[PDB]
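This report refers to the structure that appears directly beneath it.
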Number of protein chains: 2
Amino acid sequence: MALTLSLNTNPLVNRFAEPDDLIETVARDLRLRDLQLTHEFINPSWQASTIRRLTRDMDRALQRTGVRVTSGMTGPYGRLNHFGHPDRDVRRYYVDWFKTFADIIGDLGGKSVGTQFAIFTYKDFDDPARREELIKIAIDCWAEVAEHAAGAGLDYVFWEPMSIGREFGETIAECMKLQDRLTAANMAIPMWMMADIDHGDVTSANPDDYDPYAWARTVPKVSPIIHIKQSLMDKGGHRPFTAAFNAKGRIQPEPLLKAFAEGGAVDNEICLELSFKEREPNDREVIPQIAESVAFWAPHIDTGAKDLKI
Amino acid sequence: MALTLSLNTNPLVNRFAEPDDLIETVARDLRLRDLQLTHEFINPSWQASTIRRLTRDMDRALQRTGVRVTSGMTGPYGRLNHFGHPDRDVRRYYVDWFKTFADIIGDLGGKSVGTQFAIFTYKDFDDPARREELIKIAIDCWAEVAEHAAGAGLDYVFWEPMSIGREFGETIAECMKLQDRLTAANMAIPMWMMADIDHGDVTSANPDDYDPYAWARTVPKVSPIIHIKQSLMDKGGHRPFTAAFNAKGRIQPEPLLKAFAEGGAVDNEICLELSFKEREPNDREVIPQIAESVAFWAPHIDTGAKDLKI
């Protein structure tokens, strides 16, 4: 395998804002090349000229440091209805918003952008006929974004499977059913998924649906980026065989990676996901623990630090 | 006391979107009059005409149902740097954003709008000179918003004290020090706080700083709205005196209210705060548990249901 390693910038939002500060900390303190940039740092809602100015700043910092933006994703403050919003003008706003997000990420050298497929209201989801009708509408929104993103130089767009019905793809079966549909839609550039192996409906009568190993074996050929929540991983100092191999908080990297391999992973980006409460001492454990997480994976997946210039 | 009762719409975001659906559910299912509307339902970022159309829709639903919007606050997807953003043009965007939020809330009959005072980056907060300089800048942003909001018919604007330094007001002392400053600034309409009695720096060497009773006794004269997290409250079926009276998860309404009274509360709005994970069965316990929370307070604080028309 030639996996690569990246970090979703979720936990760096608010705590960092200036591109130099963000990108120099990633390079110096995290020793990681690749990032999934979240929307909060250069927001598609802002004035067009502000976006351009900050994109130039960010691009200079990437070039100077050797850090790379490989994709864009909605951050913690972008988990919205979006293309599942029942208002036509609201949907239109977010279509144009995601078109600009694609422009930003393309400018920065990244190759894809995405978010949840959609998030439906109880009202829109619970009436199965309305649900299906809104799904067709949401697909057509994705299609529009994909066409613009092609022009911005992206390779694909993506959706993130979640853990309840109205946020989509909550079982492996539903997730692959939706993906089959988005592949068939034949967009200007392909639409793929970005699976999070910690996601899935925990109340499922199918234990696979919330088993990180089952997701690992299923997604790699349709999920170019794959999120791994670091909290899933064994931190050491437990007696061996005191928990299940697939117990969340006790998972080990070597066999997990083998599972991705059995799933047909060859050059997926493995994207680290961490969160820290805005309370002490958690708020000040962010850089140290992300650094630690990168060093955790470094023997298993190349971190790209050989390309850092500082 | 003539306290009133309201609900922050945080847990209704995503799950509801259409004004009729939102407001009719509040009236029929929650049996509550007053709401603190979050920004996600009518977003100040959207097209001007969309905002107007949705504000008219929302206002019709309030009039029809008897429900009232008494304030606006940033929802879960609005917890940003805002006036602590180090970029001048980003700050400008959010100033204008909050001006429109004030227009929306004023249109709807509400009397205030707010958010965190600011959220600072590590870089801006940790250099004490830069911190102070950015605080003056953030105050002047508030002043601009307050002047516009006066024109929109609001009575005041507000900040929410948080639980770490860089999010402001993390100890009672710091919170009252900042408030003294914002009062002195003499804005077009007053700037007050909206305290959350569950907030405060848990690592403080002062136990009062994360004691809901200490906040209760301190804030009422400077905090017209006060958030109460429902998870703080005793749900019943515990043996008496098996936990501290002020233990979070074991607090009782009668003595808490007495504490607010000792703090000089007369006609504060008590605003209920609840959250539900986007996982089952939590995602479908939202309406039932909010309904239950309202019925929990109803013997203690009038819910305003006498004014509901449906």
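Values in this text are rule-based calculations from the coordinates and carry no lab data. Heads up, the Cβs are rebuilt from the backbone with ideal geometry, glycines too, and the neighbour counts pull from every protein chain shown.
General observations
- Scanning chain B for chymotrypsin sites (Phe, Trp or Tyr not before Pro) in DSSP loops with at most 15 neighbouring Cβ atoms within 10 Å leaves B:1-240 as the longest stretch between them.
- 3J(HN,Hα) from dihedral phi, region B:243-248, Karplus parametrisation 6.51/-1.76/1.60, rounded to Hz, x for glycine, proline: 8, 4, 4, 9, 6, 5
- Gain in span if fully extended, residue B:147 to residue B:266, counting 0.36 nm per residue against the direct Cα distance: 40.1 nm
- GNM flexibility winner over chain B from B:294, B:90, B:157 (Cα, springs under 10 Å): B:90
- Entries in A:123/B:258; B:221/B:306; A:177/A:248 that, when Cα-Cα distance is taken, lie over 29 Å: A:123/B:258
- With a simple spin-label model that places each label point 7 Å from the Cα along the Cα-to-Cβ direction, the separation between residue A:132 and residue B:235 comes to 3.8 nm.
- Label-point spacing at residue B:133 relative to the other copies reads 5.7 nm, in ascending order, each point sitting 7 Å out from Cα along Cα→Cβ.
- Amide H contacts of residue B:228 (H built 1.01 Å from N, under 5 Å, at least 5 apart or other chain): B:271, B:272, B:273
- In loop segments of region B:1-88 as defined by DSSP, the trypsin sites (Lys or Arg not before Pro) with at most 16 further C-beta atoms inside 10 Å of their C-beta are B:31.
- FRET efficiency estimate (nearest 0.05) - Cβ-Cβ, residue A:221 to residue A:63, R0 30 angstrom: 0.35
- Inter-label distance, nm, simple model (7 Å from Cα along the C-beta direction), residue A:140/residue B:155: 4.7
- Mean residue ellipticity, 222 nm, helices only, the protein assembly as shown: the sum of -39500 (n - 2.57) across DSSP H runs of n ≥ 4, divided by residue count and rounded to 500, is -12000 deg cm²/dmol.
- Residue A:252-residue B:295 pseudo-label distance in nm [points 7 Å out on the Cα-to-Cβ vector]: 5.1
- Remark: region A:107-118, residue by residue, has Karplus-estimated 3J(HN,Hα) of 4, 7, x, x, 10, 6, 9, x, 5, 5, 3, 5 Hz, where x stands for each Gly or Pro and the curve is 6.51 cos²θ - 1.76 cosθ + 1.60 at θ = phi - 60°.
- Karplus 3J(HN,Hα) series, Hz, for region B:79-93 with 6.51 cos²θ - 1.76 cosθ + 1.60 (x for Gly, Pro): 8, 10, 4, 6, 6, x, 5, x, 8, 4, 6, 5, 4, 4, 3
- At q = 0.09 Å⁻¹, base-10 log of I(q)/I(0) for chain A (Debye sum, equal scatterers on each alpha carbon): -0.44
- Per-residue Cβ neighbour counts within 10 Å put B:69, B:202 in the sequence B:202, B:69, beginning with the fewest.
- With the label put 7 angstrom out from Cα along the Cα-to-Cβ vector, residue A:291 ends up 5.2 nm from the copy partners, going from closest to farthest.
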